[PDB]
Amino acid sequence: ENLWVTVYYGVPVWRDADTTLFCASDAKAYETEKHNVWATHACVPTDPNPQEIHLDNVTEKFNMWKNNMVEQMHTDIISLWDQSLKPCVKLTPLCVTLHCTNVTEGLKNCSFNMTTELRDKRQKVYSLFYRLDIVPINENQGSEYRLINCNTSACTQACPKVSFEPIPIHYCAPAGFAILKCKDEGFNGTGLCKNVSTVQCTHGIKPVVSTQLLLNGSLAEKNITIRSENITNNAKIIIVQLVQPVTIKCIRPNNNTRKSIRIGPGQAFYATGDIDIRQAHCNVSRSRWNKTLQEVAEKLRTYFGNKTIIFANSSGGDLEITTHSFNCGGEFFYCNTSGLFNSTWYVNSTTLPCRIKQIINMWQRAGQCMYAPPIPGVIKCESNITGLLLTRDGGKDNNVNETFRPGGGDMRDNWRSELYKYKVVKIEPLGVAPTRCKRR
Amino acid sequence: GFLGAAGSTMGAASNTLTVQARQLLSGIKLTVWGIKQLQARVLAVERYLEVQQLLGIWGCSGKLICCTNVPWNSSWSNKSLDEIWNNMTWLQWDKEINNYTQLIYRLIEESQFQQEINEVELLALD
Amino acid sequence: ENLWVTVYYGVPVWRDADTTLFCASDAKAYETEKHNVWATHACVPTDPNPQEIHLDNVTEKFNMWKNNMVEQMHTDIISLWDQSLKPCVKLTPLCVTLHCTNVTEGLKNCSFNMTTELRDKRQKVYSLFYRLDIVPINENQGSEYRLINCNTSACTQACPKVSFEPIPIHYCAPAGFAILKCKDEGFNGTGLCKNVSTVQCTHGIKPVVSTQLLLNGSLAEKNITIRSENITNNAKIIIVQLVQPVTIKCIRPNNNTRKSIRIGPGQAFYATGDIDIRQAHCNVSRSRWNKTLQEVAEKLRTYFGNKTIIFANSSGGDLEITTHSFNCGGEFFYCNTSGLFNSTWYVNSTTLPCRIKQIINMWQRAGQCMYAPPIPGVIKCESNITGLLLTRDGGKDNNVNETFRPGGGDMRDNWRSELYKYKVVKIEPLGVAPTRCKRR
Amino acid sequence: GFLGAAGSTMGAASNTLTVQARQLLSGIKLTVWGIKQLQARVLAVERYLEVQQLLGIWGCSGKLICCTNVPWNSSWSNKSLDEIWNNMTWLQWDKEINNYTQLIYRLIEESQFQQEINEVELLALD
Amino acid sequence: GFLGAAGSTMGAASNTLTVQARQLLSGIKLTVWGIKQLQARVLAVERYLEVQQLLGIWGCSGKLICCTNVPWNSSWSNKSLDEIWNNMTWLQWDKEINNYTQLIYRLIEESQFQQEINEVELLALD
Amino acid sequence: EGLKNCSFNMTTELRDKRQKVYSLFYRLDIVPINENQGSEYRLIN
């Protein structure tokens, strides 16, 4: 017996990549100039059928942490925000002397001078602001406030026709690259998944605007699921995905309205017209959450031994991070998550109030503030909580009371939420083997 | 015929080939998706092209299951063709052979496709 | 007798294509900075020679309507305007208090306060306007007008070095796509054209903006030509192209000039400096036109049977649309087309006044006004009229007197004017056939 | 020879081939035409590369007039070779044959260019 | 094996070929350097696909040292093969030969890679 | 010599207050606005 080098072309061999990835979805209208922040049909609607296939016996090591997609999406979605806001108004004609007043708490009632449609006439104009939209100009005086950005950053308001509504995007790999999917729920994002598949383009992944609680991302099976880079790094993020959903229906209980004011001749700012005035609220009933968390605690105990465990509030850090936060319609919430994470989990035989904000510092960027359009609506959210960015206490404090606080430590991890199941790979068609032959 | 399927043993896997080959080439003012589509297609185009360039200098772009009389070097693995087609499996096989691949991906471009008309010189010229 | 699959490669098989297309022209100077909106050598001068060849015997169905190219060019030209205007000034300070006076009619004589090159000093500055540039701010008062855009939109003045002058563009199909040319004048845009050719890039289309009357478009032969999606849709467009040319030489009879003012340091606005003052007018002597229309009516009767026919004015709709309208040099005209379409056409034995405007709402977009430069000149148009965007009356007047009005129904149709002859296609080189063989 | 020429009967049409093949491939800051050219060249390149990939898995990229012993399935048009090469014409041919073509554009990648070294196995291995 | 090396006499120069072939294809928000990279890759790819397209209609994209029986026309340089392979050299050779080449880059695409199945007509059909 | 010490009015982060602000300029940064006067220079662009 003897042998030669030979090649089979196109046989399945693959490795991880810095490769770029591109969008697909259903088409909402096929208008190239559609009202949308994620995909104005300039995202090509590559086949809405997920034409996925079995990887029977294909043992693929996964890695949710060295994955390229988190950084790529973080960059891409920041690019989308800028590419939605560049068409619409910047608000250089808005950082100015604001006069405000107190009304039935902290929805401040206010007026200012500004340029109209003409670069001469001052117009006196009127709007609501939530208190966290503003800071005092220099001193404790009724005439003396500015928008919270102006201290170091410029603001920009998207046309209300640039909805932040989370339409899913499907990441396609380009050809000669592919997605491997862990075809199990009984899995965490590092080491082997024994059951697997491949697809050219990810099943729906919600952009999931999320800040602390994973909204909108899908559920597991067999057990509640935990994911971390390294669980012994108490400081770095811990992700939970539940086996069971909980639904939240937050509201601006205040009948509040678009007031269009012209601010330069092509430029339209949405001031905020009023109706009693009450704090933003979220109906969720405690006991479903409570006994769901009792199983989150039990899943977590598998890493730690038989502790009594506590979930406690985020505290002290910047309100942009330290409240749970998300969009409804086009207007953003910052909720005192404490009321849902102030809770204890023994071993033995075992609803929020909220602040609205018209300004946000999304992705913690310098510059590039968004003054979110105040929505023409009594806004209603109709959405699922399904997972947790937990943080375990850095104070190691062992063998008594080991415990957690929700966090928003990287919005990359707000995407890791669903991404964990997808590994992005190059295919190398370069199948060297021994055989034997002579040329034809 | 499926895509992927490396856990089919290397011969049984080669019951399928060309459908994986289509996947090498197609998926079977601007916003970021517009420029990223354009970058993406070019990287795929280049890559598709790079392997066709290999199937130039390795030969066999015209006969997509390839032949040469290049040595199988006994320093790589003595694993049997019998094992390889009927029990071994492409990813696991590359995770054996990658330690040699860079040697072969040059040594394969011996004369049979790299030089052989320099030998046809004796076949056809006095 | 047995047979096998065989393939011949590159054999001519083709189909309609939703493909992209790209510009070429002669080089005007090779300079990237050669002064132009259409094709300032950013358009690559791919071979100016139309290397066409006979499609002898090649029978093809043309489709002037489900054609991609209209929408492509329309999207394209609007992008050319934007990426010629972004290089020059946004007039974001220009909507301002305008004071005006009345002078020998509707060329208003006016002055205003504005920023100088310094963002502190007011300057009193002076310009002419045609009345249709302005609207009253709130009330019938001498100081109280704004530019016609400011009400909803912002304006942008293009450098006089962005000449709108219609240099032709050739659309190349990129390779593996191709152009089929219907090679007869005795043709309308739907069904078979019996005689045909192919071209890698089209004969220059002529993107004169054109609003109702086809300027600058090629002639027919054998008969006058009429084109429509569906002639039983009376409301939707009818295109005429003439077997005989016609020529118009419209003029501003007024010695009017650039006044350049710095409205911010980088920002040269072109105000309008004056010299008796007379309304802009045209010379096209009636009887040439009259007996041309007598044949246009006959070609139309070849659809309709023996009706007496009238051409009547566009009326009631927006002046931007309801006048015939075009550029000369770089300044825009809006002519009361009534005097050329107030006329009657029996069967048996059978000069315009005009308004100039500085603001245009081109392509009927919201936002993105163009303030055209006042050209320094007693400006002279020197151009052919060669076809008509007709509409036939909604008066389905039961076989008696059916009639027409010209219109600006779609600027896509102002391009259909020439695109009708060109069908863009993909070549598929995939010549499967029966024959016999065995491998070598 | 000319471009196009489909109205020449299919055999006489094949007096021209390679010149149309060239026409498949070349015509024989952002700026608005610049990005359009860049998109256009990529689409042409990839589409040209899609037919080279067909001429991979169908064979015959090495021989641009092609052979296989794959069945001409009598469920297709029964039109005679004599009619086809000497009276019928390529557009008018494909517009009769397209209804079958998708079957052929897979069944063409039979073993001759899809599997055959699995049969060279019998020719060269014990 | 070196890149360039054209002063190697033409036969000895052909001790190298494929390493130069690799150099044909690989180097061995929007932004300015990113649009330049994109344009560069496309121009190299489209130029690379032109010569592979030549090696379609010339044949030999498989066998990357090429045969045809197309005439060497005696109107071209009469230089001996002996001079050519063993004393004369590539840049210098093209600078002698380019004045003929626009004939050859068409006369090359004769029957062998343009019409030969029209001759297989007599080999395989009655 | 030829390093002028200067001040001017400008907007702040608020589009209202004329903040009085201070900067040096090498002389070739500026030209006189119209006349040889101490308050009357503009940036050379």
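Read from first to last, the chains carry the letters A, B, C, D, E and F; within each, the first residue is number 1.
We take it that a contact is a pair of C-beta atoms (placed from the backbone, for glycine too) under 8 Å apart; a residue touches a chain by one contact, two chains touch by 3 or more.
A.B. asks: When contacts are scored as defined above, which chain pair ends up with more C-beta pairs, A-D or C-D?
C.D. replies: The comparison resolves to C-D.
A.B. asks: Looking at CA centres, what chain is most distant from subunit D?
C.D. replies: Most distant chain from subunit D: F.
A.B. asks: Identify which chain pair among A-B, A-D or B-C reproduces the interface of C-D, meaning that over half of its contact pairs, matched by residue number, are the same.
C.D. replies: Repeat interface, by the over-half criterion: A-B.
A.B. asks: What chain is the most remote from subunit A, judged by the mean position of CA atoms in each chain?
C.D. replies: Taking each chain's C-alpha mean as its centre, the farthest from subunit A is E.
A.B. asks: How big is the gap, in whole Å, between where the Cα atoms of subunit B centre and where those of subunit D centre?
C.D. replies: For subunit B versus subunit D, the centre distance works out to 24 Å.
A.B. asks: With chain centres defined as C-alpha means, what is the inter-centre distance between subunit D and subunit F in Å?
C.D. replies: Result: the chain centres lie 73 Å from each other.
A.B. asks: With centres defined as the mean C-alpha position, give me the subunit A-subunit F separation in Å.
C.D. replies: About 47 Å separates the centre of subunit A from that of subunit F.
A.B. asks: Give the residues of subunit A touching no fewer than two other chains, as numbers and ranges.
C.D. replies: Only 79, 83, 435, 437-438 qualify.
A.B. asks: Residues touching two or more other chains, restricted to subunit B: which are they?
C.D. replies: 14, 17-18, 21, 24-26, 29-30, 32, 38-39, 41-42, 45, 48-49, 52, 60-65, 67, 81 - these are the residues of subunit B that touch more than one other chain.
A.B. asks: So in the complex, which bits of subunit C are touching subunit D?
C.D. replies: My answer: residues 2-14, 19-23, 39, 42-44, 46-47, 51, 53-60, 76, 79-80, 83, 172, 174-178, 198, 200-201, 426-435, 437-440.
A.B. asks: Show which residues of subunit C lie in contact with subunit A when the two form their complex.
C.D. replies: Against subunit A, subunit C makes touches at 75, 92-97, 113-115, 137, 146-147, 149-155, 367-369.
A.B. asks: Where on subunit D is subunit B touching in the complex?
C.D. replies: 30, 32, 35, 38-39, 42, 45-46, 49-50, 52-53, 56-57, 59-63, 109, 113-118, 120, 125
A.B. asks: Where on subunit D does subunit A make contact in their complex?
C.D. replies: Subunit D residues touching subunit A: 117, 120, 124-126.
A.B. asks: Name, in rising order, each residue of subunit B that touches subunit C in their complex.
C.D. replies: Of all residues in subunit B, those touching subunit C are 29.
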